[PDB]
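Engineer: Below is one structure. I have some questions about it.
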Amino acid sequence: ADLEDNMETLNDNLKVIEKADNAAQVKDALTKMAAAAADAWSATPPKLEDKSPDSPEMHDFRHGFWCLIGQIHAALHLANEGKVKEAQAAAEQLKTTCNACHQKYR
Amino acid sequence: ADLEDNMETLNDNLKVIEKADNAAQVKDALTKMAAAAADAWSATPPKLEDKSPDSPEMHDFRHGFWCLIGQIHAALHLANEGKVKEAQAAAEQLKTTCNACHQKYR
Amino acid sequence: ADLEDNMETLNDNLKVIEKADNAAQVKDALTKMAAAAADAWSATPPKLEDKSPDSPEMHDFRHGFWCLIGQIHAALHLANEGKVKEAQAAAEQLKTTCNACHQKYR
Amino acid sequence: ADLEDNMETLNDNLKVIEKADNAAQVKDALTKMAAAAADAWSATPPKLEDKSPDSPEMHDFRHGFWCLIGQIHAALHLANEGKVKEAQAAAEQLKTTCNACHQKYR
Amino acid sequence: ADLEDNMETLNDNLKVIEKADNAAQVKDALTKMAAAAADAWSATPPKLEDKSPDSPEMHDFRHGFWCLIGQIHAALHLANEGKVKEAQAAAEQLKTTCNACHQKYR
Amino acid sequence: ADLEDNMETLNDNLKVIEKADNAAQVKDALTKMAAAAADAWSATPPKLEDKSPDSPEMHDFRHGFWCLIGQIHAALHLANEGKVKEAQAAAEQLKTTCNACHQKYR
Amino acid sequence: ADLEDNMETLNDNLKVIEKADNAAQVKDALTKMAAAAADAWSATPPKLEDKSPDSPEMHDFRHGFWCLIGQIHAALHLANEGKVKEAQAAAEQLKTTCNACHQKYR
Amino acid sequence: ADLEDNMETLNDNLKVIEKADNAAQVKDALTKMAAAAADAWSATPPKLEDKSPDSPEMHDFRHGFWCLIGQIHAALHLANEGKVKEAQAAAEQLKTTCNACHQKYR
Amino acid sequence: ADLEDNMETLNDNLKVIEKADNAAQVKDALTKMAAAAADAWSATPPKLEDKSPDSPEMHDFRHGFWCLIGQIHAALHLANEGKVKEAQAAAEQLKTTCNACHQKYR
Amino acid sequence: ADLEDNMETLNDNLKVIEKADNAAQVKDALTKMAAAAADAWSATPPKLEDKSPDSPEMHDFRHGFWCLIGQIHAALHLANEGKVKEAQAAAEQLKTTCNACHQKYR
Amino acid sequence: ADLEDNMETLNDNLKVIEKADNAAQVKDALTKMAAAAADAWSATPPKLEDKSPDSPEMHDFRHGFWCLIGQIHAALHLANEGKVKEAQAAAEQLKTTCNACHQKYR
Amino acid sequence: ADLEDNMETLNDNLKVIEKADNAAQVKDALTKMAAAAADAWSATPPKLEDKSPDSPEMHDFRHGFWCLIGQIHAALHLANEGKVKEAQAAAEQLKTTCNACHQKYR
Amino acid sequence: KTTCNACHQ
Amino acid sequence: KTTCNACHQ
Amino acid sequence: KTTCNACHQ
Ligand code: HEM
Ligand code: HEM
Ligand code: HEM
Ligand code: HEM
Ligand code: HEM
Ligand code: HEM
Ligand code: HEM
Ligand code: HEM
Ligand code: HEM
Ligand code: HEM
Ligand code: HEM
Ligand code: HEM
Ligand code: HEM
Ligand code: HEM
Ligand SMILES: [Zn+2]
Ligand SMILES: [Zn+2]
Ligand SMILES: [Zn+2]
Ligand SMILES: [Zn+2]
Ligand SMILES: [Zn+2]
Ligand SMILES: [Zn+2]
Ligand SMILES: [Zn+2]
Ligand SMILES: [Zn+2]
Ligand SMILES: [Zn+2]
Ligand SMILES: [Zn+2]
Ligand SMILES: [Zn+2]
Ligand SMILES: [Zn+2]
Ligand SMILES: [Zn+2]
Ligand SMILES: [Zn+2]
Ligand SMILES: [Zn+2]
Ligand SMILES: [Zn+2]
Ligand SMILES: [Zn+2]
Ligand SMILES: [Zn+2]
Ligand SMILES: [Zn+2]
Ligand SMILES: [Zn+2]
Ligand SMILES: [Zn+2]
Ligand SMILES: [Zn+2]
Ligand SMILES: [Zn+2]
Ligand SMILES: [Zn+2]
Ligand SMILES: [Zn+2]
Ligand SMILES: [Zn+2]
Ligand SMILES: [Zn+2]
Ligand SMILES: [Zn+2]
Ligand SMILES: [Zn+2]
Ligand SMILES: [Zn+2]
């Protein structure tokens, strides 16, 4: 999957979590998000193609995904415990991280 | 995944196949489509909720997915041979089946 | 397992679902039913032994099992979501399919 | 494998079954037949290459393999029970299904 | 599975073994019996619910299953050698253990 | 792990079960207890090092662990059914078995 | 393997352990002993072939192998820690268990 | 496992490594430590609960675990070579990282 | 295993094959023989200790094992077809190969 | 499979390689050839039935298969690099080896 | 592997990639590089053997491998899509990362 | 891998074995050597490009690798027993075989 | 899963 | 599962 | 699991 595909996966599964009424659906969606973020971590976005791999921008970009992966993990930990509403709240909070990276590099 | 989620998966991956330039991408997308169809085939769509399980409508509905799964296999066979353009052409034919079920039941 | 064994498995696990008070027990029972139906699909019942494999009766017979497998799948989808009562209701509805095939071919 | 390859596999293994004196040989041959028939299920034969997938013709073609797969399954069930003569008889019965499709579509 | 379910599994499969005409069927049935006994050994039967876990009654109860599991293994060993009649004779001996526990605790 | 390590594992996971508010945490803790007890069963405690392997003391010692393993299994059966409070009650009752062996051999 | 085969395996591997100069050799030998003792556990020896499975005699016979298995486990634990001399000493101690059963039942 | 449980796992296994006299024991303990750190890295500690996810404090917190995981790998590499004393020395160095995070955030 | 131990394995399993009354037993014994011979293939026997790897004797020694391995395969093929007596006769013919090598190098 | 059946497998897959237009198809065919040749290696052909395993003819017969297996590997290596035409040419050269053995022993 | 071994692997496989004419060769080489870089990530180089793990220096050293791993991942993504020239170009870009670390720490 | 790359693998791992101070390192290196030699076995070297597969030279070339593979196995057996110095000496003796082939065909 | 397994396995 | 695994594994 | 899998696999 390319960066855009991984973003579609992220966006789609966030919506799935929002509408979900059971732990299994939340777990599955978060698992897909984790895999999408893991694939996207190594990518170079269009607006940073001219930048050095060792640039503050590229460091910050990759950092965003590991921030996101960590938060996905915390959400899944809650979902695995059957705590649907708490995992949904945690998934809602992911958006801050989505937005922050977008504001800079999308 | 609910019916809507599976439809989103089908749609997204059919678009991935169109824009694809390599066999692996086409194979991945088709694999994801087969899994979505495997989940969806046993669902009951909103417009057929008040219908009998042995109704002509539900027979036809289930049959549409089996047709789709068959066609995905033909496309997979081609992608496994590395024939990107042929697999893509086979995937376009899938859309006839998508269209037919939608015309009746969506 | 022979046809009679598979029927015993179907009958037993239907009762298990009825008395169940948790998702795990419902899931396990439905999983066993699916496997029993899958094994029974290819069988030839005593009252159709004289019939052609391509006969309307043999078509209808095999069709009943795939109808049953689909309904088992829908029930399990509900059970996997922790929806015990809904899965139990879905399992109750299976009986129509059990009865229909029996009335004709048992 | 292509359509002709799969037909060669089916024909070769029918011969292996006929001459077999042990269950292992019969089981192995039937397994190869199952694989070949499963692959042929999604193929389009030369005489239907212009036809609709939703056509009476392609419907019927696919149905023929589904029928054959069911019959191979039944023979396999017998071979797994070490019943050489019975499995050989079941394999012999397959020929009517082979022939029916050939008459229409070969 | 509850105690009753495991008893149903034991009973059904012991009957499968009696009527069996092949080693695979006997092996499958014995395998299912061992799994049911593995589940049941740690249960507390209705008639021993008010007894201490270290009571002679609960010691004896658990011991009955270990005896059963041992005998299933002796039957499995024979079935694995394809000795259908000997495995069947070994399975009949199992019934002494079934009877003994029932006489005391059922 | 040595006997002392296995005891630490037993003690730690008992506390985990007590404070737990979900089935997954209870299941995981009991699974770890089962593995710890299984490893400890074959050990020789300091106060029985001078005793024969065939001694009433060594018989009684090994017996305690299988008593414990059985009770852990019953607790896990409850936890697998999502019955958290009942599994926690069952885990509480384990202490009798812990204490009994300690009073004699610790 | 039959009873005599398993005894040959036990005897051969005790000799391998005694002459061993490395942990891998000791671990491998003890693993083979574990397998042999596990298989012998459900065997009926010539001198008890007429006896009750619930008899003091068959009880005691089975118990002897359970005892031996525990001791092999303990020796295996040591070999896994690379402790050649200690594992060899543990293997030597097994002989008392071997001998006890032979005295009664060989 | 919650943060406290993972800390207990880290502490217990670090003590196992100190007292260890063999490579397998050291490797097992380090493996358990890596799994606990993998779980803990995405947690939010009580003293940082009111902090932003992108705060210097949470950056530093996550970073501490990544440092720890790195050091566990260096210790594992040595244990895999059977170098018990060197692996133990490497594990002692881990404590600097334990101490640093505690000083700030515990 | 050392050479002597592999030889013990060859010798014991030849005796097992001789006394066997079922295919499984013969198959099991031949499988163990194949493994022992495969290990022994690269060994240097005491009587050829000062000889070069490229020496006429060491070529001959290795060839002896390749010879034996080929015959074990032929016997295995027969056992896998359930042809007990034929497999036993093939095993008996191995002795020529055993004896020939012994005369030169044992 | 018997020798004749392995030969049918060799012959059919040589034809598949000749007509192939992709690497996957060539790889698949060569893999099946390798398996057939490996099985045939330990067979005794009708024309050498009364001959000794250590006879000049049987050495030559086995060498023929080792020769063929080596060439199939070389062709497989080429197919795995996607070099279709080169792999086809290597397969065509196999015929020399097929023919040479046939002239002597078929 | 030690640090020098891993550097040899990285260097060797960069050369393999440069000379490669097929995707399989490129993918295999990049996989070996990934493994080598992952192992080197937790190593301590001679020039930093006295340094703090929490030092600017060891931080930076580890960061260099994390950077390299990300870049190898990106190249691997391309190789998996059969894009030889593009993956070779991505591999070439790695050299800046190799060089940066060498300048500081070699 | 091509022949040159397999040779680089042989050469590098021989150096690793020479400098090794533990069994794991020697085992790892020998395992990689075995794989490289196995691949090289079916290669045709530049200097024998116009030669027949059945030529005296190609027989000799393949034999050289079989010779090396046998010695690597012998060394591996020693490494697996933790006999580091003995395994190193066996690896050193490989050089005779390396050199002999090079003199003729490199 | 059942329809899929019916062919593949 | 535990008793079973104690022998088999 | 994700960070771990990123290297190992
Ligand atoms: C769960 C959180 C996130 C969501 C829901 C999300 C969603 C999206 C969506 C819907 C798009 C548009 C895709 C398209 O053009 O078709 C996009 C693009 C993009 N996102 Fe994200 N995203 C998330 C996290 C992140 C993070 C953490 C980063 C940076 C570290 C990031 C970087 C980007 C970039 C660079 C693009 C532009 C891709 C391109 O134009 O090729 N996203 N995102
Ligand atoms: C690969 C071919 C197909 C594609 C690309 C596709 C795509 C879609 C999309 C994008 C939607 C809208 C989902 C939404 O509400 O967000 C949809 C809905 C729907 N589709 Fe499909 N579909 C395909 C095959 C099928 C088949 C074969 C059937 C029937 C056998 C079917 C039946 C339906 C139904 C009943 C809905 C309405 C869902 C609802 O409102 O709950 N589709 N489809
Ligand atoms: C969950 C639904 C079903 C249940 C609970 C069920 C139950 C049973 C039971 C208890 C028997 C008697 C077995 C015996 O004689 O020992 C039986 C027989 C039979 N059933 Fe079913 N069944 C179900 C579904 C079906 C379906 C869908 C079909 C046809 C497609 C079918 C066809 C038959 C036939 C042909 C027999 C007679 C077997 C014989 O006499 O050899 N059943 N069933
Ligand atoms: C086990 C039963 C079957 C056997 C033994 C068998 C055998 C064969 C053989 C030997 C051929 C000639 C292949 C060639 O031209 O190279 C063939 C061709 C063909 N078969 Fe079958 N077949 C079987 C089942 C079926 C079924 C069930 C169908 C249809 C559903 C079918 C459809 C065809 C078609 C369309 C051809 C012509 C292929 C072409 O000309 O490209 N076959 N079959
Ligand atoms: C293979 C041998 C066995 C067979 C065939 C067998 C069969 C059965 C059957 C058919 C039932 C009636 C279940 C129902 O209520 O629907 C039952 C009940 C029972 N059995 Fe067994 N059983 C066997 C072994 C054992 C053993 C070894 C024990 C004790 C160690 C035991 C203890 C019980 C108990 C306590 C009940 C009463 C269950 C309840 O009312 O909750 N059984 N058995
Ligand atoms: C869940 C139940 C159990 C718990 C919570 C538990 C807990 C403990 C604890 C915390 C210790 C002290 C460890 C140390 O010295 O560091 C210990 C020691 C010991 N326990 Fe247990 N235990 C349990 C079950 C058992 C059972 C069933 C037995 C006997 C069958 C047993 C036998 C022993 C022995 C012999 C020691 C002394 C070990 C030594 O000094 O080397 N325990 N136990
Ligand atoms: C590691 C400890 C053991 C060793 C080394 C060992 C060794 C042997 C050997 C060499 C034989 C002679 C086999 C033959 O006649 O061909 C034998 C026979 C026998 N052993 Fe063991 N044994 C051990 C443990 C046991 C145990 C624990 C029991 C009872 C629980 C037992 C019961 C028997 C019996 C009943 C025979 C007579 C078999 C027959 O005559 O068919 N053995 N043993
Ligand atoms: C191997 C090194 C480590 C060891 C041995 C260790 C050990 C411990 C122990 C024994 C506790 C007390 C747990 C309890 O309340 O029962 C604790 C608490 C804590 N540790 Fe660690 N730890 C280590 C690494 C770390 C690291 C790297 C961090 C931060 C990056 C950290 C942060 C904390 C925090 C925040 C608490 C408080 C937990 C709470 O009160 O909820 N630890 N640690
Ligand atoms: C199935 C056929 C074979 C059987 C049954 C067999 C059996 C035996 C036995 C029982 C021993 C004595 C081991 C001991 O000292 O305890 C032995 C030793 C030996 N065998 Fe074999 N063997 C067979 C095949 C071979 C072959 C094919 C070769 C040569 C290629 C061979 C070479 C040797 C050598 C060199 C020894 C002496 C080992 C030493 O003294 O260290 N054997 N064999
Ligand atoms: C890829 C190369 C080869 C091909 C295409 C091939 C093909 C065939 C075919 C089609 C048959 C007739 C089978 C039948 O009766 O139905 C046959 C028979 C035979 N082949 Fe081959 N073969 C090959 C390699 C070899 C080799 C290398 C050997 C000797 C080492 C060999 C030895 C034999 C023998 C002995 C028979 C007679 C079998 C019998 O009558 O029972 N073949 N081969
Ligand atoms: C793919 C990129 C890289 C390549 C091709 C490469 C290649 C090499 C080579 C050929 C050596 C000489 C090995 C020897 O002395 O035997 C070496 C040494 C070294 N490299 Fe790299 N390297 C790469 C990446 C890195 C990175 C990213 C770092 C730091 C983060 C690094 C740190 C070092 C160090 C510290 C040495 C000295 C080792 C010593 O003297 O023991 N390398 N490298
Ligand atoms: C462990 C023992 C061996 C070592 C250390 C070794 C090492 C090497 C090395 C370093 C090269 C140069 C590769 C290059 O051009 O970069 C080479 C080339 C070569 N080796 Fe070996 N080798 C060994 C075994 C063998 C054997 C046993 C044979 C023959 C059976 C052989 C045949 C060749 C040939 C034909 C070349 C030339 C490759 C070419 O020019 O394309 N080698 N070897
Ligand atoms: C709805 C359930 C099914 C799913 C999700 C599914 C999925 C797939 C996928 C993803 C592949 C590609 C494997 C790969 O190359 O990685 C495949 C291959 C294949 N499928 Fe299915 N399939 C299903 C049902 C069936 C059925 C019912 C048949 C038989 C009529 C079948 C026959 C085959 C065959 C012959 C292949 C090629 C060989 C193989 O990989 O097994 N599939 N399937
Ligand atoms: C937090 C997640 C991780 C966990 C739980 C973890 C755990 C482990 C464990 C237990 C081992 C020892 C394997 C054995 O010998 O049995 C290992 C080995 C290893 N790890 Fe990790 N690790 C993690 C992350 C990573 C990362 C991010 C990297 C790459 C930067 C990495 C690279 C390696 C390498 C190169 C080895 C040695 C070769 C291998 O077994 O794969 N690990 N890891
Ligand atoms: Zn991707
Ligand atoms: Zn950087
Ligand atoms: Zn779903
Ligand atoms: Zn989407
Ligand atoms: Zn219907
Ligand atoms: Zn069945
Ligand atoms: Zn039909
Ligand atoms: Zn195909
Ligand atoms: Zn053919
Ligand atoms: Zn249709
Ligand atoms: Zn249960
Ligand atoms: Zn029943
Ligand atoms: Zn008790
Ligand atoms: Zn332990
Ligand atoms: Zn005792
Ligand atoms: Zn046995
Ligand atoms: Zn022996
Ligand atoms: Zn008893
Ligand atoms: Zn956790
Ligand atoms: Zn603790
Ligand atoms: Zn941040
Ligand atoms: Zn060995
Ligand atoms: Zn030689
Ligand atoms: Zn064969
Ligand atoms: Zn010879
Ligand atoms: Zn390393
Ligand atoms: Zn190199
Ligand atoms: Zn730091
Ligand atoms: Zn290669
Ligand atoms: Zn030759």
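Every chain in the structure tokens has a letter given in the order shown (A, B, ...), and although residue numbers restart at 1 in each chain, ligands are simply numbered from 1 in the order shown.
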Can I get the residues close to ligand 35 as a PDB file with N, CA, C and O atoms, in the first residue's frame, where close means within 7 Å and we count only C-alpha atoms and all ligand atoms?
Structural biologist:
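The resulting selection35.pdb:
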ATOM      1  N   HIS A  63       8.334  10.555  13.441  1.00  0.00           N
ATOM      2  CA  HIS A  63       7.950  10.635  14.851  1.00  0.00           C
ATOM      3  C   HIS A  63       6.432  10.611  15.045  1.00  0.00           C
ATOM      4  O   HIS A  63       5.927   9.965  15.969  1.00  0.00           O
ATOM      5  N   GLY A  64       5.719  11.316  14.170  1.00  0.00           N
ATOM      6  CA  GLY A  64       4.261  11.360  14.204  1.00  0.00           C
ATOM      7  C   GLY A  64       3.627   9.986  14.131  1.00  0.00           C
ATOM      8  O   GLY A  64       2.650   9.707  14.837  1.00  0.00           O
ATOM      9  N   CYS A  67       4.227   8.106  17.416  1.00  0.00           N
ATOM     10  CA  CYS A  67       3.259   8.701  18.334  1.00  0.00           C
ATOM     11  C   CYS A  67       1.885   8.069  18.109  1.00  0.00           C
ATOM     12  O   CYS A  67       1.222   7.650  19.060  1.00  0.00           O
TER      13      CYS A  67
ATOM     14  N   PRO H  53       0.048  14.422  25.142  1.00  0.00           N
ATOM     15  CA  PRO H  53       0.755  13.301  24.504  1.00  0.00           C
ATOM     16  C   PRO H  53       2.050  13.697  23.783  1.00  0.00           C
ATOM     17  O   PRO H  53       2.971  12.879  23.685  1.00  0.00           O
ATOM     18  N   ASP H  54       2.119  14.936  23.294  1.00  0.00           N
ATOM     19  CA  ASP H  54       3.323  15.447  22.636  1.00  0.00           C
ATOM     20  C   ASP H  54       4.202  16.297  23.568  1.00  0.00           C
ATOM     21  O   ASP H  54       5.077  17.031  23.106  1.00  0.00           O
ATOM     22  N   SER H  55       3.968  16.187  24.875  1.00  0.00           N
ATOM     23  CA  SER H  55       4.765  16.910  25.869  1.00  0.00           C
ATOM     24  C   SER H  55       6.203  16.389  25.921  1.00  0.00           C
ATOM     25  O   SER H  55       6.453  15.230  25.579  1.00  0.00           O
ATOM     26  N   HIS H  59       7.300  12.362  25.698  1.00  0.00           N
ATOM     27  CA  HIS H  59       8.368  12.028  24.753  1.00  0.00           C
ATOM     28  C   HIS H  59       9.481  11.285  25.471  1.00  0.00           C
ATOM     29  O   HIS H  59       9.927  10.226  25.023  1.00  0.00           O
TER      30      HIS H  59
END
Engineer: Set the distance at 8 Å and use only C-alpha atoms: which residues neighbour region 44-47 of chain G once local chain neighbours fewer than 4 positions away are removed? I'd like the list as a list in words.
Structural biologist: residues 3, 58, 105 and 106 of chain G
Engineer: Give me the residues near residue 30 (chain D) as JSON, numbers by chain, where near means some atom within 9 Å (using only C-alpha atoms) and where sequence neighbours in that chain fewer than 6 positions away do not count.
Structural biologist: {"D": [10, 13, 14, 17, 72, 73, 75, 76, 79, 91]}
Engineer: So which residues of chain B fall under alpha helix (DSSP H) by DSSP, listed as a PyMOL selection string?
Structural biologist: chain B and resi 3-19+23-40+56-80+84-105
Engineer: Could the residues of chain G that have an atom at most 6 Å from ligand 7 be listed as a tab-separated table, each with its closest atom pair and the distance in Å to one decimal, counting only C-alpha atoms and all ligand atoms and ordered by chain and ascending residue number?
Structural biologist:
residue	atom	partner	partner_atom_place_in_ligand_line	distance
G:4	CA	ligand 7	16 (O)	4.6
G:7	CA	ligand 7	8 (C)	4.3
G:8	CA	ligand 7	10 (C)	5.2
G:10	CA	ligand 7	5 (C)	4.8
G:11	CA	ligand 7	5 (C)	3.8
G:45	CA	ligand 7	35 (C)	4.9
G:46	CA	ligand 7	41 (O)	5.7
G:61	CA	ligand 7	30 (C)	4.5
G:62	CA	ligand 7	30 (C)	6.0
G:64	CA	ligand 7	30 (C)	3.8
G:65	CA	ligand 7	30 (C)	4.8
G:68	CA	ligand 7	27 (C)	5.8
G:94	CA	ligand 7	1 (C)	5.7
G:95	CA	ligand 7	2 (C)	5.5
G:97	CA	ligand 7	27 (C)	5.4
G:98	CA	ligand 7	24 (C)	3.6
G:101	CA	ligand 7	29 (C)	4.1
G:102	CA	ligand 7	32 (C)	5.2
G:105	CA	ligand 7	35 (C)	4.8
G:106	CA	ligand 7	35 (C)	4.2
Engineer: Could you list, with a cut-off of 7 Å and counting only C-alpha atoms and all ligand atoms, the residues of chain G near ligand 30, each shown with its nearest atom pair and the distance in Å rounded to one decimal, rows sorted by chain and ascending number, as a tab-separated table?
Structural biologist:
residue	atom	partner	partner_atom_place_in_ligand_line	distance
G:1	CA	ligand 30	1 (Zn)	3.0
G:2	CA	ligand 30	1 (Zn)	5.0
G:39	CA	ligand 30	1 (Zn)	5.3
Engineer: So which residues are near ligand 22, meaning at most 10 Å away with only C-alpha atoms and all ligand atoms counted, given back as a list in words?
Structural biologist: residues 73, 74, 76, 77, 78, 80 and 81 of chain B; 1, 2, 3, 4, 5, 6, 35, 36, 37, 38, 39, 40, 41, 42 and 43 of chain D; 25 and 28 of chain J
Engineer: Do a neighbour search on region 82-85 of chain H at 9 Å with only C-alpha atoms, toss out local chain neighbours closer than 2 positions, and write the hits as an MDAnalysis selection string.
Structural biologist: (chainID H and resid 20:24 26 78:80 87:90) or (chainID L and resid 22:24)
